[PDB]
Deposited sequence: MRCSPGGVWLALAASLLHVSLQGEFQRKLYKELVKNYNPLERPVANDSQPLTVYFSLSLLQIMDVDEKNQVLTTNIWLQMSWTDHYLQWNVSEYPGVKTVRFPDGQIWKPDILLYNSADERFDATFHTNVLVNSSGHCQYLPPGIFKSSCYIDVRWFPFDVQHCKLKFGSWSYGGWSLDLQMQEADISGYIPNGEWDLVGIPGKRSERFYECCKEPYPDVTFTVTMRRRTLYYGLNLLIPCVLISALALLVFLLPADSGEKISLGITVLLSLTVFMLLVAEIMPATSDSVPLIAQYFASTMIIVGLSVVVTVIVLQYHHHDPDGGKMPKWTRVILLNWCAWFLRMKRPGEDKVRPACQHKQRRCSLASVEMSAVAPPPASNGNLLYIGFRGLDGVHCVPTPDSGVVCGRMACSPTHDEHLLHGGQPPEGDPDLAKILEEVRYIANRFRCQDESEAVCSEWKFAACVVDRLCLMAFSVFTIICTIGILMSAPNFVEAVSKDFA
């Protein structure tokens, strides 16, 4: 209308967009800063960045942009674009991204009394420290440090308001716990003026239903097939072909983990310890299997039991496991044939007890390795904090 056009011509008369809008150049300008988290787009572990879509809320006052509604009965609010009125230069300190602002400057609301409101939307890529420890059951605390870059505490008194999460669109993978905030003022090497800033800590918990179903459960079940080697009879030449196949094919899990873990030499992830533990157990099974196989094909008449394994694996362990173990010329020739058969029976008896001694080790190590696996998987997986919370919330 005619009044709005007239008002706009009067507000920008002798207006300098470089000066602070204070009426007295001795008191700081109070700027109220806030934040609104809209969603957590992606939390990259390798690059240790946090990509979020948030809004900002800057609110200050302007002494020069003032008018009364009596002279302009229709207009109660005017809007100035970027570059025509003074705005604070509050920006993210971390800003792990190519261009450093990431604010998408929009129009600036102006009151009927000079109060100024500014709501810029942007996608921020801050740099926070991802702690890969108790990795499937970890809680992350990523900081968001906001503050003015050129105005000190004597010019721009930056206040703070509580963060707003009214509308969050849950990410699904990360469970938001909260977002508390602080205002603190520090000192720097450039200047004696304190520089106040506001830091919003984003606390979020990882939902462990996905990884524990794709990395933990399959690892337990597949590693259980290595315990099945001790049930194969030694006659079927497949004991080594089963133990070595499972062991060397279970490596694919850590190749998946290597694509998720940052190469940080600071803390060993729990999933790495548990994956490392299940390799040694399977690896030791192959070592024990070889010990069994050399008792089976012992090639008798080339040694004897040292009477020490005679009482251990045949007397004590065998029961506790409950396994329970011219005619003279013609006469000389037929006697030799019978004597040859008798010696073969004695050789078969010695070879028979060696085979049973290899069966005791299979049954003994089946129970020894079974208890080793269950108390190790439980011990590692329960060792993490808030593990009972993680399974009571996602699984149950």
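Colleague: Wait, which stretches of the deposited chain are just not there in the structure?
Modeller: Holes in the chain trace, numbered from 1: 1-22, 348-431.
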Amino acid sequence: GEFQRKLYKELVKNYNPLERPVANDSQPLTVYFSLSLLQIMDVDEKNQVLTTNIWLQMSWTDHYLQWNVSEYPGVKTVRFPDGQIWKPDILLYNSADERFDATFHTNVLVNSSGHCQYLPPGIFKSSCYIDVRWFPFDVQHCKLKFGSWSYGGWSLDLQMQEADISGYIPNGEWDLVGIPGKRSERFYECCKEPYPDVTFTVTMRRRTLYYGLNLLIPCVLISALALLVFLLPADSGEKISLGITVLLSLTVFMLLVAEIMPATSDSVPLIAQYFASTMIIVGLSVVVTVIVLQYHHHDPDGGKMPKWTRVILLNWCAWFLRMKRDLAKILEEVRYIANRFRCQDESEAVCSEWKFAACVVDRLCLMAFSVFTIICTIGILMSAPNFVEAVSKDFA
From here on, numbers count along this sequence of modelled residues.
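Note that the rigid core is defined as the largest set of C-alphas that superpose within 1.5 Å between two forms.
Colleague: Rigid core superposed, root mean square over structures and residues, which stretch has C-alphas farther from this form in 9 other deposited structures of this protein, 180-188 or 284-292?
Modeller: Higher average C-alpha offset in 9 other deposited structures of this protein goes to 180-188.
Colleague: Which of 220-228 and 192-200 lies farther, on average, from the shown form in 9 other deposited structures of this protein once the rigid core is superposed (C-alpha RMS)?
Modeller: So, of the two stretches, the farther one in 9 other deposited structures of this protein is 192-200.
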